[PDB]
Amino acid sequence: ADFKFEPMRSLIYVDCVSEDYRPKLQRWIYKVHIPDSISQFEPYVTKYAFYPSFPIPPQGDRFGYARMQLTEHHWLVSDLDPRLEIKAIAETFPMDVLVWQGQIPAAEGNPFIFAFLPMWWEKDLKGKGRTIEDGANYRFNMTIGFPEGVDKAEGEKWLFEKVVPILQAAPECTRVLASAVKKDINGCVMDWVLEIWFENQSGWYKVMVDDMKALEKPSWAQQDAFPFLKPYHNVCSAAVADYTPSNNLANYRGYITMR
Amino acid sequence: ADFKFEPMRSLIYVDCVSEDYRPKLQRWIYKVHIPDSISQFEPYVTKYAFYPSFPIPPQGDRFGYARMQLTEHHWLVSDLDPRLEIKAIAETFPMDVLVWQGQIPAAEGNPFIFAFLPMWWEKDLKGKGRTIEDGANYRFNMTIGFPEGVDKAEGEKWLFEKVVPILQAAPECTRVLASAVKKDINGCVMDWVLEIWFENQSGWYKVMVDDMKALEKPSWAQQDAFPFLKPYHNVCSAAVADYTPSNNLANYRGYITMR
Amino acid sequence: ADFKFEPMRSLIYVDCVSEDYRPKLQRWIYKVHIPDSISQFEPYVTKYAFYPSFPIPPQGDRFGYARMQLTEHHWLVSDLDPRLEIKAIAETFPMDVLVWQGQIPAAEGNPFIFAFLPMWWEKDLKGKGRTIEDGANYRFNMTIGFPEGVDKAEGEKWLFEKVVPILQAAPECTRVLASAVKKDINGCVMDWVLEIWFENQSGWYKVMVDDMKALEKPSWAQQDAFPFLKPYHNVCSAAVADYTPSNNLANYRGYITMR
Amino acid sequence: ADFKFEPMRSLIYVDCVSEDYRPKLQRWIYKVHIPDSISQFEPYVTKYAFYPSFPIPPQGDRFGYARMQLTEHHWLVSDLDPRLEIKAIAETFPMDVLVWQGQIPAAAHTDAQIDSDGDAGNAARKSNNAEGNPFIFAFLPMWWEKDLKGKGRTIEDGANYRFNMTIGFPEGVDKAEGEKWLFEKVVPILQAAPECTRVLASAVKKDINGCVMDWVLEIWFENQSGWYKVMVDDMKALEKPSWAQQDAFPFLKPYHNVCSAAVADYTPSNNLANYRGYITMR
Amino acid sequence: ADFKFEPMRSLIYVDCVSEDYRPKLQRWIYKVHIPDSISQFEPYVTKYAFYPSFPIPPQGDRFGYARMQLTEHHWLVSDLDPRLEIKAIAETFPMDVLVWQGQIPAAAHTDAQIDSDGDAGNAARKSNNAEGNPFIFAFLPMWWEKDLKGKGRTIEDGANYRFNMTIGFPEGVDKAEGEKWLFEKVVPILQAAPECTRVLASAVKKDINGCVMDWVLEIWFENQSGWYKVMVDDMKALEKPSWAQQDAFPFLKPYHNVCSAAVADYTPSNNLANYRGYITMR
Amino acid sequence: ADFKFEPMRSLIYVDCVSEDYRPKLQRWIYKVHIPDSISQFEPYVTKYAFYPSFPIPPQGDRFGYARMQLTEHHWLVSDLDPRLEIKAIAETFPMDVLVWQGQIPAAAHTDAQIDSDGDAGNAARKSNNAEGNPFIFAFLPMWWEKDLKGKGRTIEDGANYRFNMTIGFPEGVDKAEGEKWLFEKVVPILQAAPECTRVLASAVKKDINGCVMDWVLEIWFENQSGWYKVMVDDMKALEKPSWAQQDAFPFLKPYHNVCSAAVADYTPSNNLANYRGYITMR
Ligand SMILES: O=C(/C=C/c1ccc(O)cc1)c1c(O)cc(O)cc1O
Ligand SMILES: O=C1C[C@@H](c2ccc(O)cc2)Oc2cc(O)cc(O)c21
Ligand SMILES: O=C1C[C@@H](c2ccc(O)cc2)Oc2cc(O)cc(O)c21
Ligand SMILES: O=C1C[C@@H](c2ccc(O)cc2)Oc2cc(O)cc(O)c21
Ligand SMILES: O=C1C[C@@H](c2ccc(O)cc2)Oc2cc(O)cc(O)c21
Ligand SMILES: O=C1C[C@@H](c2ccc(O)cc2)Oc2cc(O)cc(O)c21
Ligand SMILES: O=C1C[C@@H](c2ccc(O)cc2)Oc2cc(O)cc(O)c21
Ligand SMILES: [Cl-]
Ligand SMILES: [Cl-]
Ligand SMILES: [Cl-]
Ligand SMILES: [Cl-]
Ligand SMILES: [Cl-]
Ligand SMILES: [Cl-]
Ligand SMILES: [Cl-]
Ligand SMILES: [Cl-]
Ligand SMILES: [Cl-]
Ligand SMILES: [Cl-]
Ligand SMILES: [Cl-]
Ligand SMILES: [Cl-]
Ligand SMILES: [Cl-]
Ligand SMILES: [Cl-]
Ligand SMILES: [Cl-]
Ligand SMILES: [Cl-]
Ligand SMILES: [Cl-]
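Cut-off values and rules
Residues numbered from 1 in each chain as written, not as in the entry; some residues may be left out. Chains lettered and ligands numbered in written order. Heavy atoms only, no water. Near = heavy atom within 4 Å. Polar contact = N/O pair within 3.5 Å; in protein donor to acceptor, adjacent residues only side chain to side chain. Helix = DSSP H or I, 4+ residues; strand = E, 2+ residues; numbered from the N terminus. Nonpolar A, V, L, I, M, F, W, Y, C, P; charged D, E, K, R; others polar. Areas by Shrake-Rupley, 256 points an atom, 1.4 Å probe, with all protein chains shown as cover. Core = buried A, V, L, I, M, F, W, Y, C linked by side-chain atoms within 4.5 Å. Buried < 20%, exposed > 50% of the residue type's maximum accessible area, 1.4 Å probe, protein only. Contact = heavy atoms within 4.5 Å. Pairing = 2+ DSSP bridges. Axes fitted to C-alpha atoms, helices over the stretch in contact; angles between N-to-C directions. Least-squares fit on C-alpha atoms. UniProt positions renumbered as here; feature names shortened; annotations may be inferred. Buried area = accessible area lost by both parts, 1.4 Å probe. Salt bridge = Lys/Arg side-chain N within 4 Å of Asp/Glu carboxyl O.

- Its PDB header names X-ray crystallography as the technique used to obtain the model and reports a resolution of 2.00 Å.

Given below as structure tokens:
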């Protein structure tokens, strides 16, 4: 039967719940998981990259901050088509990975957030026309999912009519982009992915912590302050640079170790 | 004037009928054929690779064993769409290649077997969940086409009800995958491609030669023992390693000669 | 919210209107524009290449000869879909580029010609079967657009019944290929792209200047001799080699400067 | 005249003194500096790589911890030969980089290209402003000189938290007596600790560029907790030397007489093989 | 404490003694060993490549035919300098690899890491076990010393069947006498045969690592039949030397005093340039 | 015997004497010659690159302007050591290449491989036919010896029109006298011109291969108009030397005692890193 052309970009928010786990998790990612993953999807994924997170900022924990990385894929077909379940070689995936990332507690576990999007941002709300010449960006990529039972249209209205205007009013914020999550692909609980750029951490803080104190607490709030959503369950995020050396289809040459 | 998205994996079974032809055939493949091919299909083939065959095992001749390599393409469009017949630069093809591969005797000819498949295996019959951590595989890839006149459903039933249970019972066999050949693309006479993994040549032989002696000779048989098909005409195969260095779109740097 | 699978090859005719602009234009292209472009379209462009123009041949100015290069993209999706207008990082594009290329004058400016085509030539009009072994080609790529008010079918008929037979008849011409421009993509004013191969510049001249003197001047002619179309507005062209080192998705490593 | 074959490995300890500087410094390193550097030395440097530092561990500030990265080169000739001062294209090197790294304090007009009589990049790499931290650039032989613990360890043995530390004894301290202290008092503590899986050391080639450091050591643990147990708690058993410039081990002035970084076994920034220009996220 | 500039080409003759071992040995080589090796010597080896052996020709066993590959390095310094024994990460080298290649007989617990006083990889590469075949690692200059037939041959002249053979004369045989036999009796048979298109030779650098071999020759043919016609049938003309260890040419004990491989002009496994990790078939 | 460590940069001035030859010469260089060359010297050449020439400026013919490219190598050992004459595979090198480049006049049977008693490529590269132009292959140190103008210029300062010129004084002229004219009369005119942003020079290493040239200079401008203003108009102030072989600067015989090219700062043809075979346009 036919396979549908379905160009998409996806983001996975990869936490590391203890610094003691960092060397093991990073080793699995770069030594074991890159080659397994390239082996599977090289013919139908056009780009596969990791964007290591900047140091977690003050209060970043309340935003479900991914302390390892954002993992990004660009797909030509849906990876959730049931025909793609079959693989000659399955990935080497120890249970420990789920512990390191926080899906399994070693107090409450966190879901694994794997959000599919169109390849192009749907909404350009601030900073259209910004070029790389204009300077280094502190790119705060945030996904949110309204609580079960909350009308999606109500939440959309809050996000674009109450939240985004505070971003627009802050000169510290240089860029605001958004897309709806493709819920039809894999059941992801998130509803929106936004990327919100600052010059630096102080600017992120000024706007996302201090300026947002102006917002009323919504009746569905899951925490007392913005983003008003349960960390790691209904909000995940990461702050990343413009560039990553881990453009894995182009740049990987095996696990070469330091002398 | 639309072009259909038609993601496919194809396999060509490349023999070398005499050791005296090996240097010439290998030279044409790596020095001439790679650059011509990449020149033509770089924009719509996402992977192009050669898997050199392991040394022919005992009785491998009876299985249409490809003594040079399996050639693998992953396509985004059908190469058989008539619009793709037009090429700025046509491939440099000495017709001696056909002598070297055995399509032309220098003895009747053997056909050129080029089988199109979906990119993902259709049936996972044994070893689901095996990872590269489980060990090196001796991967026996075999394509079969039932003789003219044999009902294809009764061939399918023999294959899955008599042959595959013998693989399932053998501990030497670690993996069985299969896909129906896309006969609609190019007229290929083959009906199935299977891949059957062992630890080694001895395991391959214990199962595919000794255990298969329990099978009854079908009425349509073209040889006396399994696979009961005419070698190189109705069955072709190769045993290959998990890995090849000949991943041509990523790894080719021109024909560099030994000093 | 589906994206259509629309594989296409596009060509941009990049002039350099004074030699004093060459170092600046070339620097912008290779230092600034390559990384901007790759950043944008890596997940949906399978090939991106520059073919530097051979030295402008005698009377080449009358063919809208692009004195810098042909820029070539192979797309999987239409870049003119309005959803693709949104980009996180906009290309660094100084106004000076348009002066250097000749869109912005100083006497008259020239349009920016960006012609979309199918990935495979539609008409193979001479030289089918030619291989790279047959020798080095002087590849003259020319796009034409009939003037405003001229009936397109009447231009087509002139092109294929009067112009092409002269090319076909000349032993100096080794290859003729043509496609209709996909005018529905971006409104490009051109109607056809042809590629016409010679051994060298002398052969080009013999045919495209001397043999073409046999044509009657059409009633819509915008200049006295073939191509009878206004240079850079209704005709653009470049002569290029079979090979380019600038296959940018595979070969670019940053702007490494000479020692 | 001839050029001497002089194979060496060098290490530069790159700090980032405020998180607000991080995006700017990182951009300069990866977008501007890599291409300038590769352009200059491609013909005589066989490896050029960056090892980004793990998050600064508790009390890492006392060890001159580099909050950005370790920069590593493998040379075939000495970069400090005076004939190598001449370069067709000099590095684009604003004074801001020294501010971001902590070599100099923040100031007006630091977007300006560095000024020196000779090469800007070479001069920046000798920075020693009394109000900042010196620029530490240590040359070594390509092979570790002393293997003091964990010989035979393979990559199959597991992920390492590799703590690379360089030390330089203070002005007036006899080098031979610092050496003896290092190898007879310090190193036995590392050997005794089950948490330390490797100890390697080389003498700094001071003759190359006047680097004030004397030794580079690399000391491996499983993780930050192991590093802390050994390098902070276990070292409390040491007597404070008469020359100490701080109260606890390393007893040396942070960022002036000791620099360090903890890094992973692998880096994706193997720049002569892996760099493809400054591709930006979509 | 200087390191000498010592440009060299080395060849290792890699056998596979049973077809059942091939998938395991090939996996170790390509999945495990490449990255360990590149990690160790990237800064001072300018090329590292594998040339898989063509199928063993008839009577190839008598020439110590390597059934897996030739491994080739181009070195800038001697790997045998004792300072190069020290390695941050040692090679993952199970004893099994020695069984698969035929250095040692099969035995219990050969999945263990090689046990050595010094570096395991270096020890492995000196394997010289009485019940197996020695590990043959021959160092050469980068340029062939003697060009004896086919000077001026280009790649346009056609595909070569390149037979690379190393020989070492037995215990007690004068080296000058063996040299004289090689060049005055053996080589003129190659020169007369039109099936032989190329003859090249170099003296083994015996001083680097104690290699028992004395010469490396490379001898080209069009194909296996040409090889056999010359190296088997034409060589029957030679008289059997008094030192002979087998009845026919090469008159040397297979795998101990002669190793060989027939290889193609090109390899995809130019590892410093072409390796991208162990990507597995779908 | 040992090989001397001899790091050098070499330049070859590649002309194309007729536009009709351009497709053929260009094909040979990129399709045939790159792989033959990389095959030979990958282990001891650290960089191999082609810089295509900008279009020949007005009066460029009087400067021996290379209408194809500059070919650049960075060597670790001398290519002219006699031991390097031996090569397993010689370059595919038809006489026609010498026609295309202007080393020899056009003639029958020039598709023939070059015939030499030693290596054909090395012999091609010593071409010096009385009816053509010699083959100019100049060896230099890897670092410019003299920095005479524009020290400290970065790539941020803008695009360069880089005019690389080599000169050799005629038979009989005292080399010290030529040197003094170059540096006391010619260079000051470059230093004085505001259009000139950079002047670098090195002495040709004449001991390597007997190159006739004595100096290589690189002289930068903004563009072709700047080049002409300085190198044609400003140079009219110079007195004609008594050894002049043409009436105006450079006063040397085009293509025999002066060769040159104007090139950009960047080339895509960094051949050891960037070459992936001869992929043809669709
Ligand atoms: O033309 C090819 C094969 C044709 C064929 C020849 C003989 C048969 O009995 C069946 C098919 C062909 C090939 O064998 C190899 C290749 O790489 C490209 C080809 O077109
Ligand atoms: O890179 C990915 C992809 C993902 C995945 C698995 C299977 C599949 O079919 C598609 C994607 O699994 C992961 C699990 C992780 O913990 C961390 C990651 O970075 C990833
Ligand atoms: O991998 C998961 C998903 C996770 C989960 C989901 C949703 C949610 O709201 C909280 C946790 O629960 C778990 C609990 C476990 O013991 C082990 C697990 O592997 C998991
Ligand atoms: O970019 C353009 C296009 C150009 C033009 C378009 C179409 C055509 O037929 C002729 C010229 O006119 C211009 C005139 C300007 O002052 C500045 C410009 O940027 C331009
Ligand atoms: O990456 C390098 C290269 C280094 C260097 C360049 C040229 C040279 O000759 C010697 C060293 O300078 C630097 C200075 C830094 O602050 C940070 C860095 O990462 C680097
Ligand atoms: O590929 C190599 C590299 C070689 C080697 C590594 C490091 C070193 O220092 C010297 C040699 O060891 C080997 C040993 C083998 O059995 C087979 C091999 O292919 C190789
Ligand atoms: O590209 C080169 C390499 C050069 C060369 C090869 C081998 C060697 O030993 C020395 C030099 O020969 C050439 C000769 C040319 O006409 C044009 C060229 O571009 C070149
Ligand atoms: Cl923690
Ligand atoms: Cl900035
Ligand atoms: Cl709260
Ligand atoms: Cl195994
Ligand atoms: Cl039978
Ligand atoms: Cl002009
Ligand atoms: Cl030709
Ligand atoms: Cl006119
Ligand atoms: Cl681990
Ligand atoms: Cl002292
Ligand atoms: Cl203190
Ligand atoms: Cl051949
Ligand atoms: Cl015998
Ligand atoms: Cl001409
Ligand atoms: Cl002729
Ligand atoms: Cl500029
Ligand atoms: Cl004159």
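Here the narrative resumes.
**Structural notes on the site of ligand 1**
Residues and elements named next belong to chain B.
Argument step 1. With respect to spatial proximity, the complete set of residues near ligand 1 consists of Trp28, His33, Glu91, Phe93, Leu98, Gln101, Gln103, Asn110, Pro111 and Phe112.
Argument step 2. For ligand 1, an oxygen atom lies 3.3 Å from a polar atom in the side chain of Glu91.
Argument step 3. Elements that contribute at least two residues to the shell around ligand 1 include exactly α1 (22-41) and α2 (96-101).
Argument step 4. In terms of residue class, the shell around ligand 1 is built from 5 nonpolar, 4 polar and 1 charged.

**Considerations on the site of ligand 7**
Residue and element names in this part refer to chain F.
Argument step 1. Near ligand 7, the surroundings consist of 17 residues, among which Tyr48, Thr71, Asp79, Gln101 and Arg125 are the closest.
Argument step 2. Interatomic distance of 2.7 Å between a side-chain N/O atom of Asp79 and an oxygen atom of ligand 7.
Argument step 3. Contact distances for ligand 7 include 2.9 Å between an oxygen atom and a side-chain N or O atom of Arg125.
Argument step 4. The fraction of the free accessible surface of ligand 7 (440 Å²) that becomes covered by protein chains is 100%.
Argument step 5. Elements that contribute at least two residues to the shell around ligand 7 include exactly α1 (22-41), β2 (45-52) and β3 (69-75).
Argument step 6. Of the residues forming the shell around ligand 7, the biggest block, 4 residues, is contributed by β3.

**Some remarks on the nonpolar core**
Argument step 1. Counting 195 residues, the largest nonpolar core has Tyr44 of chain D, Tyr44 of chain E together with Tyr44 of chain F as its most contacted members.
Argument step 2. Ignoring any residue separated from it by four or fewer positions in sequence, one finds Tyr44 of chain E in contact with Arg259 of chain A, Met142 and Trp143 of chain D together with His74, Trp75, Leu76, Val77 and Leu84 of chain E.
Argument step 3. The next biggest cluster of nonpolar side chains, apart from the first, holds 172 residues, and it includes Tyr44 of chain A, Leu140 and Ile279 of chain D together with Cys259 of chain F.

**Observations regarding the sheet that holds strand β9 (residues 235-240) of chain C**
Backbone hydrogen bonds are what pair the strands of a sheet, in a parallel or an antiparallel way.
Residue and element names in this part refer to chain C.
Argument step 1. Taken in spatial order, the 5 strands of this open sheet run β5-β7-β8-β6-β9, and their pairing is antiparallel. Every interior strand has two partners, whereas the edge strands, β5 (123-126) and β9, have only one. Between one strand and the next, the sheet's axes are offset by a mean angle of 15 degrees, whatever the strand orientation.
Argument step 2. In this structure, strand β7 (residues 173-180) lies alongside strand β8 (residues 192-198), joined through 7 bridges in antiparallel fashion. Within β8, the residue paired with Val176 across the bridge is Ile196.

**Comments concerning the relation of the copies chain C and chain A**
Argument step 1. Least-squares fitting of chain C to chain A yields an RMSD of 0.2 Å, with the superposition described by an axial translation of 0.1 Å and a rotation of 120 degrees. Here the copies are linked by what is in effect a three-fold axis. The position closest to the rotation axis in chain C is occupied by the C-alpha of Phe5 of chain C, lying 3.5 Å away.
Argument step 2. A low fraction, 16%, of the interface residues of chain C reappear at the interface in chain A, so the copies pair through non-equivalent surfaces.

**Describing the sheet that holds strand β7 (residues 175-180) of chain A**
Residues and elements named next belong to chain A.
Argument step 1. Spatially, β5-β7-β8-β6-β9 is the arrangement adopted by the 5 strands of the open sheet, whose pairing is antiparallel. The two strands at the open ends of the sheet, each matched to only one other strand, are β5 (123-126) and β9 (235-240). Averaged over neighbouring strand pairs, the angle between their axes works out to 15 degrees when direction is ignored.
Argument step 2. As paired elements, strand β6 (residues 138-144) and strand β8 (residues 192-198) share 7 bridges and run antiparallel to each other. Looking across to β8, one finds that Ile144 is bridged to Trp192.

**Some points on the UniProt feature "domain: Chalcone isomerase N-terminal" (unreviewed entry) in chain A**
Argument step 1. Here, the residues flagged by UniProt with the feature "domain: Chalcone isomerase N-terminal" (unreviewed entry) are residues 5-105 of chain A.
Argument step 2. With 26% helix and 22% strand, the stretch residues 5-105 of chain A has end C-alpha atoms that lie 38 Å from each other.

**Considerations on unusual backbone geometry**
Argument step 1. Going from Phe226 of chain A to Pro227 of chain A, the amide bond is cis rather than trans, its omega being 15 degrees.
Argument step 2. With respect to the element layout, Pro227 of chain A can be found in the loop between α5 (201-210) and β9.
Argument step 3. A cis amide bond, omega 10 degrees, links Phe249 of chain F with the succeeding residue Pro250 of chain F.
Argument step 4. Even without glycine at this site, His109 of chain F takes up a positive phi of about 60 degrees.
Argument step 5. Mapped onto the fold, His109 of chain F is located in the loop between α2 (96-101) and α3 (120-124).
Argument step 6. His109 of chain F sits in the exposed class, given a relative accessible area of 64%.

**A short note on the pairing of β7 of chain A**
All names here are of chain A.
Argument step 1. Burial within β7 is extensive, with 5 of its 6 residues counted as buried.
Argument step 2. Examined bridge by bridge, β5 and β7 share 3 bridges and lie antiparallel to one another. In the strand pairing of β7, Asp124 is matched with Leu177.
Argument step 3. In this sheet, β8 lies alongside β7 in antiparallel orientation, the contact comprising 6 bridges.

**Some details on the interface of chain C and chain A**
The figure often quoted for interface size is the accessible area lost as the parts come together.
Argument step 1. Counting residues at the interface gives 19 residues for chain C, matched by 27 residues for chain A.
Argument step 2. Taken together, both faces of the contact between chain C and chain A bury some 1800 Å²; the carbon and sulfur share is 64%.
Argument step 3. One can count 2 salt bridges joining chain C with chain A.
Argument step 4. Here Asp2 of chain C ties to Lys4 of chain A by a salt bridge, and the two come within 3.0 Å at their closest N and O atoms.
Argument step 5. Between chain C and chain A we count 8 residue pairs in polar contact in total.
Argument step 6. Residues that form the side of chain C that touches chain A fall into these classes: 11 nonpolar, 1 polar and 7 charged.

**Some thoughts on the interface of chain F and chain C**
Argument step 1. Taken residue by residue, the interface counts 46 residues in chain F and 47 residues in chain C.
Argument step 2. For the pair chain F and chain C, the two sides together bury roughly 4100 Å², of which 55% comes from carbon and sulfur.
Argument step 3. Its largest share of buried area at the contact with chain C, chain F owes to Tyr266, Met281 and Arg282 of chain F, together 23% of the area lost on that side.
Argument step 4. Here chain F and chain C share 2 salt bridges between them.
Argument step 5. Here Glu199 of chain C and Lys24 of chain F are joined by a salt bridge, their closest N and O atoms 2.8 Å apart.
Argument step 6. Where chain F packs against chain C, one counts 19 residue pairs in polar contact.
Argument step 7. Of all the secondary-structure elements, those providing two or more residues to the side of chain F that touches chain C are α1, β3, β6 (161-167), α6 (224-233) and α7 (271-274) of chain F.
Argument step 8. The element that contributes the greatest number of residues to the side of chain F that touches chain C is α1 of chain F, accounting for 7 residues.
Argument step 9. For the side of chain F that touches chain C, the class distribution of residues is 20 nonpolar, 11 polar and 15 charged.

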